[PDB]
$ cat upload37.cif   # mmCIF, C-alpha atoms
data_data
#
loop_
_atom_site.label_atom_id
_atom_site.label_comp_id
_atom_site.auth_asym_id
_atom_site.auth_seq_id
_atom_site.Cartn_x
_atom_site.Cartn_y
_atom_site.Cartn_z
CA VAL A 1 111.72 89.38 28.59
CA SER A 2 110.90 93.05 27.64
CA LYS A 3 112.97 95.76 29.35
CA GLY A 4 109.68 97.23 30.54
CA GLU A 5 108.75 93.96 32.22
CA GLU A 6 112.15 93.73 33.94
CA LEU A 7 111.58 97.06 35.77
CA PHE A 8 109.28 94.97 38.04
CA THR A 9 111.59 92.19 39.22
CA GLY A 10 111.96 93.87 42.61
CA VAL A 11 109.85 95.88 44.96
CA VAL A 12 108.65 99.11 43.41
CA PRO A 13 107.44 102.10 45.40
CA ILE A 14 104.02 103.41 44.36
CA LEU A 15 102.55 106.85 44.64
CA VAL A 16 98.93 107.52 43.87
CA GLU A 17 97.44 111.01 43.57
CA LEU A 18 93.77 111.53 42.87
CA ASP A 19 91.92 114.80 42.45
CA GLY A 20 88.17 114.32 42.33
CA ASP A 21 84.99 116.31 41.94
CA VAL A 22 81.68 114.59 42.51
CA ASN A 23 78.53 116.62 42.21
CA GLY A 24 80.76 119.66 42.85
CA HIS A 25 82.36 118.17 46.05
CA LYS A 26 86.14 118.49 45.52
CA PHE A 27 88.59 116.15 47.26
CA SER A 28 92.06 114.80 46.98
CA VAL A 29 93.54 111.50 47.92
CA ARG A 30 97.24 110.58 48.24
CA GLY A 31 98.38 107.01 48.50
CA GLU A 32 101.72 105.50 49.11
CA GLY A 33 103.11 101.97 49.30
CA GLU A 34 104.76 99.35 47.19
CA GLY A 35 104.16 96.69 44.66
CA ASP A 36 105.61 93.25 44.12
CA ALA A 37 104.70 92.14 40.59
CA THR A 38 106.65 88.89 40.87
CA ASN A 39 104.08 87.74 43.40
CA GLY A 40 101.25 89.94 42.23
CA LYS A 41 100.97 91.83 45.54
CA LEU A 42 100.31 95.51 46.34
CA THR A 43 100.28 97.28 49.67
CA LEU A 44 99.12 100.86 49.86
CA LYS A 45 97.81 103.39 52.32
CA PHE A 46 95.53 106.14 51.13
CA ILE A 47 94.72 109.40 52.86
CA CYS A 48 92.05 111.92 52.02
CA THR A 49 94.05 115.13 52.41
CA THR A 50 91.03 117.46 52.04
CA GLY A 51 89.11 116.04 55.11
CA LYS A 52 86.15 113.69 54.90
CA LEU A 53 85.92 111.77 51.67
CA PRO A 54 82.53 112.66 50.12
CA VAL A 55 82.22 109.17 48.56
CA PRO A 56 82.90 105.73 50.02
CA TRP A 57 86.38 104.31 49.88
CA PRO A 58 85.29 101.12 48.19
CA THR A 59 83.94 103.11 45.18
CA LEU A 60 87.48 104.38 44.61
CA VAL A 61 89.38 101.07 44.82
CA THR A 62 89.40 100.31 40.97
CA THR A 63 90.41 103.84 40.27
CA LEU A 64 93.20 104.08 42.82
CA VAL A 68 98.20 99.89 38.68
CA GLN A 69 97.51 96.71 36.86
CA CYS A 70 101.17 96.68 35.89
CA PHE A 71 101.65 94.86 39.27
CA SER A 72 99.63 91.85 38.11
CA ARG A 73 101.45 88.59 38.23
CA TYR A 74 101.57 87.16 34.70
CA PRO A 75 102.47 83.46 34.57
CA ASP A 76 105.54 82.61 32.44
CA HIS A 77 103.43 81.05 29.69
CA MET A 78 101.57 84.40 29.39
CA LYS A 79 104.58 86.77 29.35
CA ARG A 80 103.92 87.86 25.74
CA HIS A 81 100.51 89.30 26.75
CA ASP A 82 101.40 91.79 29.54
CA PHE A 83 100.49 95.19 28.03
CA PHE A 84 100.82 97.05 31.28
CA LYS A 85 104.48 96.32 31.82
CA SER A 86 105.38 96.48 28.18
CA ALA A 87 104.24 100.16 28.14
CA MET A 88 106.79 100.98 30.89
CA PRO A 89 108.73 103.03 31.77
CA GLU A 90 106.82 105.80 29.78
CA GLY A 91 103.59 104.30 30.95
CA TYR A 92 99.94 104.29 29.86
CA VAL A 93 96.78 106.37 30.02
CA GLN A 94 93.85 104.63 31.74
CA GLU A 95 90.35 105.96 31.20
CA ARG A 96 87.12 104.72 32.81
CA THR A 97 83.46 105.29 32.89
CA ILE A 98 81.90 103.87 36.03
CA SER A 99 78.12 103.83 36.01
CA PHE A 100 76.44 103.26 39.36
CA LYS A 101 73.02 101.72 38.92
CA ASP A 102 70.14 104.12 39.81
CA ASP A 103 72.77 106.77 40.66
CA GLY A 104 75.67 108.84 39.24
CA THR A 105 78.66 108.23 37.01
CA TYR A 106 82.44 108.52 37.56
CA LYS A 107 84.63 109.50 34.63
CA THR A 108 88.36 109.04 35.17
CA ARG A 109 91.59 109.70 33.41
CA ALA A 110 94.85 108.56 34.85
CA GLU A 111 98.45 108.44 33.80
CA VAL A 112 100.45 105.48 35.10
CA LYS A 113 104.20 105.84 34.67
CA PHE A 114 107.54 105.91 36.35
CA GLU A 115 108.62 109.13 37.89
CA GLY A 116 112.21 108.50 38.85
CA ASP A 117 112.19 105.04 40.34
CA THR A 118 108.64 105.29 41.62
CA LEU A 119 105.46 104.05 39.87
CA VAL A 120 102.94 106.96 39.92
CA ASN A 121 99.25 106.67 39.25
CA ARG A 122 97.92 110.21 38.71
CA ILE A 123 94.23 110.45 38.40
CA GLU A 124 91.59 113.03 37.57
CA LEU A 125 88.00 111.96 38.58
CA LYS A 126 84.77 113.64 37.64
CA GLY A 127 81.45 112.48 39.13
CA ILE A 128 78.08 113.69 37.97
CA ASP A 129 74.39 112.91 38.57
CA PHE A 130 74.68 111.48 42.09
CA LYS A 131 71.81 111.57 44.56
CA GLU A 132 72.81 113.43 47.71
CA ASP A 133 71.04 110.75 49.86
CA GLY A 134 71.90 107.71 47.77
CA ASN A 135 74.33 104.94 48.47
CA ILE A 136 77.41 106.77 47.39
CA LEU A 137 77.03 110.38 48.63
CA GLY A 138 75.13 109.10 51.73
CA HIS A 139 77.91 106.56 52.57
CA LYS A 140 75.73 103.40 52.69
CA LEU A 141 78.28 100.95 51.41
CA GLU A 142 80.07 98.37 53.53
CA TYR A 143 83.82 98.81 53.98
CA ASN A 144 84.89 95.78 51.90
CA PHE A 145 85.53 94.63 48.36
CA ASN A 146 84.76 91.32 46.68
CA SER A 147 87.03 89.41 44.23
CA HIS A 148 86.20 89.94 40.61
CA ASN A 149 87.58 88.85 37.27
CA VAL A 150 88.48 91.57 34.71
CA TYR A 151 88.39 90.32 31.07
CA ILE A 152 90.87 92.14 28.93
CA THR A 153 90.74 92.46 25.16
CA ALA A 154 92.95 94.26 22.63
CA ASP A 155 91.87 97.53 21.10
CA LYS A 156 94.11 97.38 17.99
CA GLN A 157 92.82 100.68 16.62
CA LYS A 158 93.82 102.57 19.77
CA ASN A 159 97.04 100.55 20.00
CA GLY A 160 95.90 99.53 23.50
CA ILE A 161 93.37 97.46 25.41
CA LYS A 162 89.90 97.61 26.86
CA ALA A 163 87.64 95.88 29.38
CA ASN A 164 84.21 96.04 30.85
CA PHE A 165 83.17 94.49 34.16
CA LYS A 166 80.66 94.97 36.96
CA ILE A 167 81.59 95.63 40.56
CA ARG A 168 79.05 94.64 43.18
CA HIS A 169 79.24 96.86 46.30
CA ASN A 170 77.49 95.53 49.37
CA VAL A 171 75.12 98.05 50.78
CA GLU A 172 74.69 98.20 54.60
CA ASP A 173 71.00 97.20 54.57
CA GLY A 174 71.95 93.99 52.68
CA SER A 175 71.11 95.25 49.16
CA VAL A 176 73.69 95.49 46.40
CA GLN A 177 75.03 98.50 44.50
CA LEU A 178 76.25 97.82 40.94
CA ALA A 179 79.03 99.82 39.46
CA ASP A 180 79.47 99.10 35.67
CA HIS A 181 83.05 99.68 34.51
CA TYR A 182 84.28 100.40 31.08
CA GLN A 183 87.96 100.82 30.68
CA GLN A 184 90.41 101.75 27.94
CA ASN A 185 94.18 101.91 28.13
CA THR A 186 96.58 103.30 25.69
CA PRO A 187 100.36 103.85 25.74
CA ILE A 188 101.78 107.18 26.69
CA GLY A 189 104.85 106.49 24.64
CA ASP A 190 105.04 105.93 20.94
CA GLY A 191 107.39 102.99 21.17
CA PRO A 192 105.83 99.63 20.37
CA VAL A 193 103.79 97.68 22.92
CA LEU A 194 102.56 94.12 23.29
CA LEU A 195 99.00 93.80 22.11
CA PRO A 196 97.53 90.87 24.06
CA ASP A 197 95.32 88.01 23.26
CA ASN A 198 92.14 87.94 25.27
CA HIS A 199 92.75 86.98 28.85
CA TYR A 200 91.66 88.09 32.36
CA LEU A 201 92.93 89.42 35.56
CA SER A 202 91.90 88.02 38.90
CA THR A 203 91.89 90.43 41.88
CA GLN A 204 91.39 90.13 45.69
CA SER A 205 91.21 93.30 47.82
CA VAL A 206 91.52 93.57 51.61
CA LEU A 207 90.57 96.91 53.20
CA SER A 208 91.55 97.90 56.77
CA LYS A 209 92.09 100.89 59.06
CA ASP A 210 94.98 102.27 61.10
CA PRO A 211 93.68 103.14 64.59
CA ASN A 212 96.52 105.70 64.93
CA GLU A 213 95.59 107.67 61.82
CA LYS A 214 92.91 110.26 62.49
CA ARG A 215 92.63 111.39 58.85
CA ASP A 216 90.06 109.73 56.68
CA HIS A 217 92.02 106.81 55.17
CA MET A 218 92.11 103.27 53.68
CA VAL A 219 94.75 100.57 54.16
CA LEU A 220 94.63 98.32 51.15
CA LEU A 221 96.23 94.95 50.42
CA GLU A 222 95.70 93.60 46.88
CA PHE A 223 96.42 90.33 45.09
CA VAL A 224 96.25 90.23 41.25
CA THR A 225 97.10 87.48 38.86
CA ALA A 226 96.41 86.93 35.15
CA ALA A 227 95.04 83.87 33.52
CA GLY A 228 92.97 82.65 30.59
CA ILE A 229 95.63 81.60 28.09
CA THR A 230 96.40 77.90 27.97
CA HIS A 231 99.57 77.94 25.87
#
$ encode --input "upload37.cif" --output "structure tokens"
Amino acid sequence: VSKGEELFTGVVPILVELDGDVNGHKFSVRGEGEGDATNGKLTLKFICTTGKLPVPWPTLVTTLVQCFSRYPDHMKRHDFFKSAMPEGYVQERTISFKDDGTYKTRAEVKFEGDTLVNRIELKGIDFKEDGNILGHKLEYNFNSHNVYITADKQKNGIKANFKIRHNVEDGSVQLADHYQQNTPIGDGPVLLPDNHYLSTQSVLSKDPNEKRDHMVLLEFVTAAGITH
């Protein structure tokens, strides 16, 4: 019912720009596609514009627009992401990889013209040059996870923590522990939600005709966890 929410009735182009620096290896990624929040579907194609990506694509999936989550009718009043639009929100993460380094991210998610832009700065420190991440030992896939969202009244926003399990190619498992905080860019009021969760499925593919290091991504996201 919020004007912010109603910006998402149709199909919204998405641009994603990431500049990263992991153990001093600088890279950029540009993604383009579209989002359909009514059905909770995203389609995006990402390209590493600086050459070979120095980390694995799956480690960047959470970083690379939860405003495209499908929120059931009975949970309309709890969609922070959309309510912050058009001015958008700041999204900050720490991602701790077990027995390895740490990503720190800050991103601004907002409309620029009639396009939803996710602009990200990523800093990675303490990685092992022959570990799972800098040595590219992760499988090219991504499992479904549930992200539990809670209000952060004091920051007039929300937070979450959740673990991602990345399959390693020898059959072992690489944990990435996420902490997340979001906060409006605007001043204008925003919905502060009751506890609930988002449910995500991610499908990663390749375009045989694209020589640049890239990731084709299809994503489904819905919200749940409120029964009234």
$ residues_around --input "upload37.cif" --residues "residue 190 of chain A" --least-positions-apart "5" --cutoff "10 Å" --atoms "only C-alpha atoms" --output "PyMOL selection string"
chain A and resi 87+90+159
$ write_last_selection --input "upload37.cif" --atoms "C-alpha atoms" --output "short mmCIF file (atom, residue, chain, number, x, y, z; two decimals), keeping the file's coordinate frame"
data_model
loop_
_atom_site.label_atom_id
_atom_site.label_comp_id
_atom_site.auth_asym_id
_atom_site.auth_seq_id
_atom_site.Cartn_x
_atom_site.Cartn_y
_atom_site.Cartn_z
CA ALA A 87 104.24 100.16 28.14
CA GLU A 90 106.82 105.80 29.78
CA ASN A 159 97.04 100.55 20.00
#
$ resolve_selection --input "upload37.cif" --expression "the PyMOL selection byres ((chain A and resi 221) around 10)" --output "PyMOL selection string"
chain A and resi 33+35+41-45+204-208+218-220+222-223
$ resolve_selection --input "upload37.cif" --expression "the PyMOL selection byres ((chain A and resi 125-142) around 6)" --output "ChimeraX atom specification"
/A:20-23,55-56,103-108,124,143-144,170-172
$ write_last_selection --input "upload37.cif" --atoms "C-alpha atoms" --output "short mmCIF file (atom, residue, chain, number, x, y, z; two decimals), in the coordinates of the input"
data_model
loop_
_atom_site.label_atom_id
_atom_site.label_comp_id
_atom_site.auth_asym_id
_atom_site.auth_seq_id
_atom_site.Cartn_x
_atom_site.Cartn_y
_atom_site.Cartn_z
CA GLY A 20 88.17 114.32 42.33
CA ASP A 21 84.99 116.31 41.94
CA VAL A 22 81.68 114.59 42.51
CA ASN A 23 78.53 116.62 42.21
CA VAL A 55 82.22 109.17 48.56
CA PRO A 56 82.90 105.73 50.02
CA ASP A 103 72.77 106.77 40.66
CA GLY A 104 75.67 108.84 39.24
CA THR A 105 78.66 108.23 37.01
CA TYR A 106 82.44 108.52 37.56
CA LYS A 107 84.63 109.50 34.63
CA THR A 108 88.36 109.04 35.17
CA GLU A 124 91.59 113.03 37.57
CA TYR A 143 83.82 98.81 53.98
CA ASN A 144 84.89 95.78 51.90
CA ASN A 170 77.49 95.53 49.37
CA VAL A 171 75.12 98.05 50.78
CA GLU A 172 74.69 98.20 54.60
#
$ closest_residue --input "upload37.cif" --among "A:30, A:214, A:156, A:169" --to "residue 59 of chain A" --atoms "only C-alpha atoms"
A:169
$ closest_residue --input "upload37.cif" --among "A:195, A:179, A:7, A:48" --to "residue 119 of chain A" --atoms "only C-alpha atoms"
A:7
$ build_atoms --input "upload37.cif" --residues "segment 21-44 of chain A" --atoms "N, CA and C atoms" --output "mmCIF file, in the frame of the given file"
data_model
loop_
_atom_site.group_PDB
_atom_site.id
_atom_site.type_symbol
_atom_site.label_atom_id
_atom_site.label_comp_id
_atom_site.auth_asym_id
_atom_site.auth_seq_id
_atom_site.Cartn_x
_atom_site.Cartn_y
_atom_site.Cartn_z
ATOM 1 N N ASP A 21 86.059 115.334 41.866
ATOM 2 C CA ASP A 21 84.990 116.310 41.940
ATOM 3 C C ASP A 21 83.663 115.618 41.632
ATOM 4 N N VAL A 22 82.865 115.379 42.659
ATOM 5 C CA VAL A 22 81.680 114.590 42.510
ATOM 6 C C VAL A 22 80.513 115.427 42.946
ATOM 7 N N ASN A 23 79.606 115.695 41.997
ATOM 8 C CA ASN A 23 78.530 116.620 42.210
ATOM 9 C C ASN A 23 79.032 117.927 42.801
ATOM 10 N N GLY A 24 80.214 118.368 42.380
ATOM 11 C CA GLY A 24 80.760 119.660 42.850
ATOM 12 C C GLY A 24 81.540 119.575 44.200
ATOM 13 N N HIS A 25 81.509 118.419 44.850
ATOM 14 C CA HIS A 25 82.360 118.170 46.050
ATOM 15 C C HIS A 25 83.800 117.772 45.668
ATOM 16 N N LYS A 26 84.753 118.701 45.880
ATOM 17 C CA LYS A 26 86.140 118.490 45.520
ATOM 18 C C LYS A 26 86.892 117.811 46.653
ATOM 19 N N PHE A 27 87.775 116.885 46.290
ATOM 20 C CA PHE A 27 88.590 116.150 47.260
ATOM 21 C C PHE A 27 89.838 115.683 46.618
ATOM 22 N N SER A 28 90.847 115.400 47.447
ATOM 23 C CA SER A 28 92.060 114.800 46.980
ATOM 24 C C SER A 28 92.431 113.645 47.861
ATOM 25 N N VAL A 29 93.065 112.653 47.240
ATOM 26 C CA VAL A 29 93.540 111.500 47.920
ATOM 27 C C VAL A 29 95.018 111.258 47.534
ATOM 28 N N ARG A 30 95.840 110.968 48.512
ATOM 29 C CA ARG A 30 97.240 110.580 48.240
ATOM 30 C C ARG A 30 97.517 109.226 48.854
ATOM 31 N N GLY A 31 98.062 108.345 48.050
ATOM 32 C CA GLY A 31 98.380 107.010 48.500
ATOM 33 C C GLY A 31 99.800 106.717 48.298
ATOM 34 N N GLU A 32 100.358 105.930 49.207
ATOM 35 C CA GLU A 32 101.720 105.500 49.110
ATOM 36 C C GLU A 32 101.854 104.042 49.519
ATOM 37 N N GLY A 33 102.794 103.336 48.904
ATOM 38 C CA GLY A 33 103.110 101.970 49.300
ATOM 39 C C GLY A 33 104.063 101.331 48.310
ATOM 40 N N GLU A 34 103.850 100.075 48.025
ATOM 41 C CA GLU A 34 104.760 99.350 47.190
ATOM 42 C C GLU A 34 104.088 98.171 46.549
ATOM 43 N N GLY A 35 104.668 97.753 45.430
ATOM 44 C CA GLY A 35 104.160 96.690 44.660
ATOM 45 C C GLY A 35 105.195 95.647 44.342
ATOM 46 N N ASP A 36 104.763 94.386 44.361
ATOM 47 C CA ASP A 36 105.610 93.250 44.120
ATOM 48 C C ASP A 36 104.990 92.399 42.995
ATOM 49 N N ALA A 37 105.360 92.717 41.757
ATOM 50 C CA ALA A 37 104.700 92.140 40.590
ATOM 51 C C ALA A 37 105.062 90.664 40.415
ATOM 52 N N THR A 38 106.231 90.274 40.915
ATOM 53 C CA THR A 38 106.650 88.890 40.870
ATOM 54 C C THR A 38 105.646 87.985 41.582
ATOM 55 N N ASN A 39 105.065 88.481 42.647
ATOM 56 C CA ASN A 39 104.080 87.740 43.400
ATOM 57 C C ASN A 39 102.668 88.259 43.210
ATOM 58 N N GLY A 40 102.536 89.354 42.494
ATOM 59 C CA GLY A 40 101.250 89.940 42.230
ATOM 60 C C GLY A 40 100.604 90.545 43.455
ATOM 61 N N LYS A 41 101.426 91.241 44.279
ATOM 62 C CA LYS A 41 100.970 91.830 45.540
ATOM 63 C C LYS A 41 101.223 93.338 45.609
ATOM 64 N N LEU A 42 100.214 94.077 46.080
ATOM 65 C CA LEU A 42 100.310 95.510 46.340
ATOM 66 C C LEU A 42 99.963 95.777 47.745
ATOM 67 N N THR A 43 100.660 96.744 48.360
ATOM 68 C CA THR A 43 100.280 97.280 49.670
ATOM 69 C C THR A 43 100.340 98.782 49.632
ATOM 70 N N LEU A 44 99.232 99.440 49.980
ATOM 71 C CA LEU A 44 99.120 100.860 49.860
ATOM 72 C C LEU A 44 98.321 101.445 51.019
#
